[PDB]
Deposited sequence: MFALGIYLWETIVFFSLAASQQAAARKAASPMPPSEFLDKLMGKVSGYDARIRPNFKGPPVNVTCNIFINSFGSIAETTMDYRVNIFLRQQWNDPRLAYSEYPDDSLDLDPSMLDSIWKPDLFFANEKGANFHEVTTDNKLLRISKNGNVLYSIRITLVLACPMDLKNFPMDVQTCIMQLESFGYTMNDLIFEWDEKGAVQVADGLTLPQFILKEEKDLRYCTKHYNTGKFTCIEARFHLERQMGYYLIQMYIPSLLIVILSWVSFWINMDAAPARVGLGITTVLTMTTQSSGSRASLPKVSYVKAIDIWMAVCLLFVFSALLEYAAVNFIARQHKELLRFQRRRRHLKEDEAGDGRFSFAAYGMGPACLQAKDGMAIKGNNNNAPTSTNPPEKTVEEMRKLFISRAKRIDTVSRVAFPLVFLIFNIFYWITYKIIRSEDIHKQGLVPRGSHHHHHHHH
């Protein structure tokens, strides 16, 4: 019967009165646009610059009174991806976006559909680097919230309003996991608005939730720091007759603790406030230091006993310091370590 290319030229082109530079249903209530977001591949989240790489598909549907053929026997039509200028897709930008170039492999990576009523389907895979203002109040637990702000640019609130969907809000790629964080399935979403000096613009957003999968942090720094503290404890028992060995153990244990505390913040961005690591390393450096101090006091009692040679009293005092020291370090460390964990587990359960 009729040719498909003849019908495609009759629908969009010189036969069509619309030039596509005018918004559909002009001088009428703004046409809402439904946006479904599918995450092709989450990951590559940069912690030192507070950003993340994600490619979404951005399928958007709107209705127009134009482009209603109502003469083909099927429900929808799969259009070419070379007719993108005739559709007049709406404007959309991200307000926290870095880079975000398009994709091009053998064609434009775009989808196009059109039904009898005018409901269209237009999805585009775009790799988006987005800046997120993560709050690193506690570095190991580190509940983070990542956002994406779907915003228009040039069409006001009384001209173009975006909206979400009701059958599914944000889908995710099947069988995708992240080593750094586990993606929460809550997918809390809502929408704000913008008030600039030129008008009222719509701003639709979506909030993600990322918690740290603990394990790596413990092996990398919690386990070495612990062993280092343990080494200091053994020093008292390791050396009794000769003092030098204890001195040098305590010196280099403090130096390697400061080296590890300096090396732990290399991947971290520069921030003013104090994290949990910056409490843990400081208190373990306090313990190792304090032990060395205790040692200085023991050598002072020994030097007083040497310059005196009350001999029994001095020996007794030294022995007492030695036997009280070693008993005291585990209880003051165990109570603190357990206390720290409880004071962070209960704030984790209060946050979650």
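Missing from the model relative to the deposited sequence are positions 1-30, 340-398, 442-459 (no C-alpha coordinates, numbering from 1).
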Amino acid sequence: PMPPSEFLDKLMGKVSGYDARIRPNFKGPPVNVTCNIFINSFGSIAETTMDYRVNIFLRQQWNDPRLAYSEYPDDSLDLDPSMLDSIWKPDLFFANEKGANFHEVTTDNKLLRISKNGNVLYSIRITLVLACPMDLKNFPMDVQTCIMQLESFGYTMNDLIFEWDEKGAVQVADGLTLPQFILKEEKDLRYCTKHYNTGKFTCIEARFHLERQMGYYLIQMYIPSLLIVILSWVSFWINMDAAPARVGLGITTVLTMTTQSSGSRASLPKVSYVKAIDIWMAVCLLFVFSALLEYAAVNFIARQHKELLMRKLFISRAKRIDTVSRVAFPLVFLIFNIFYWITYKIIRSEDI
From here on, numbers count along this sequence of modelled residues.
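Each form is matched to the other, and the largest set of C-alpha atoms that superpose within 1.5 Å is called the rigid core.
Remark: when the other structures in 8 other deposited structures of this protein are fitted onto this one via the rigid core, 216-224 deviates more than the alternative among 216-224 and 194-202, judged by RMS CA distance. Between stretches 154-162 and 227-235, greater average Cα displacement in 8 other deposited structures of this protein relative to the shown form, fitted by the core, falls on 227-235. Where the other entries of this protein model the residues before and after it, residue 307 is dropped from at least a third of them.
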